[PDB]
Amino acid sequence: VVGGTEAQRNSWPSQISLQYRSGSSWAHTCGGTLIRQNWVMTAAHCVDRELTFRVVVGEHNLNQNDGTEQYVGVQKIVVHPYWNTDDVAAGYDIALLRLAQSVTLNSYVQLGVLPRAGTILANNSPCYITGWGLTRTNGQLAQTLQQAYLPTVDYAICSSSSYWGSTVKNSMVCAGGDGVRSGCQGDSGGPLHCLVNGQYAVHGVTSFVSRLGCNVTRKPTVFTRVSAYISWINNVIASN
């Protein structure tokens, strides 16, 4: 997250860190949202590589013991069937991970609330992106969980020529674009949390930013629209 501030430890309890095994250690690669005690929602592109993945819930500082972490293996990966790794702009950048154990819920570990199917946010709706992604274009991952205030940019503006054009689909949510604050690499798969009728809900799954840079004016961060996948999500969970 570029232009973020450190999250309070209990603000975003559904945020997870998706990590892969490297050497005798683990490396953060992406975010995720805990949606059942044994299921995480993330970006399809986060799991294209044939790596060994684990999920950390109750995580705050990737580089320090917080006393609140639970570590769990990924047992099964269900990528959206229409996902095409060579075409992120086509959409479908979503995957569900079934965890090897059910995590224990507490003030640091909670299920993310999802919007009802079809819900679209009005332009300029208040949201926060959260993650441990790069804090600058071509930068380094955050140690502590970051948040940034990123208001939505509706489909009509986002898909206009000076923004993202035909690259953005109605199955996505755009947010930010101010040139200061944005998602960045390593935020992929994580939540966009938007305040609606008094409650935060996870309306986006971080998908992409410009090849030019993370915080580029009129290239808001783009997210898979969660409310386009409610039926898909339920179908997967019910069959697995």
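Residue positions are given as counts along the sequence shown, with the first one as 1.
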| item | value |
| --- | --- |
| Ranked against its chain, the third holding the CA B-factor of residue 200 | highest |
| Chain-wide C-alpha B factor ranking for residue 110, given as lowest, middle or highest third | lowest |
| Residue 38 - which third its CA temperature factor falls in, relative to the rest of the chain | lowest |
| For residue 53, the third of its chain into which the C-alpha B factor falls | lowest |
| Third assignment of residue 190 from its chain's C-alpha B-factors | highest |
